[PDB]
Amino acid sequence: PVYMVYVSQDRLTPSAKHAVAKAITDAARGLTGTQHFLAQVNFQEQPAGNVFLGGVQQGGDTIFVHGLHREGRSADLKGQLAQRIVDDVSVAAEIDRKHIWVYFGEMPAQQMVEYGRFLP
């Protein structure tokens, strides 16, 4: 899987980025068994002020996680994984859970390529 993590520039220090990536990676392995080396966390930084909520410009605290998964997991597992990411990213980033959004999209494994190989 690939987790696109949308954050404001400099909101996360290198060690906070590492903590967040580890927290997402460990969530994605503890619950599903997805091996460590399969989890990509890709931080997309933008200047603070580029996020609007209800048309109101935000500071730099919002985090949006868009997880891109292969189809086939149960709704229970996906809901548990999403909640685990909220909780563990909240801790690793020192950010209130209310600032964290997490969406999971899914695709057939047959149209997903990782490390230049098709997914099982």
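Quick note: we count residues from 1 along the sequence shown, nothing fancier.
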| query | finding |
| --- | --- |
| Average Cα temperature factor in the PDB entry - higher stretch of 66-74, 88-96 | 88-96 |
| 78-86 or 31-39, whichever carries the higher mean Cα B-factor | 31-39 |
| Third assignment of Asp61 from its chain's C-alpha B-factors | highest |
| B-factor third for the C-alpha atom of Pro47 within its chain | middle |
| Relative C-alpha B-factor of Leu119, binned into the chain's lowest, middle or highest third | highest |
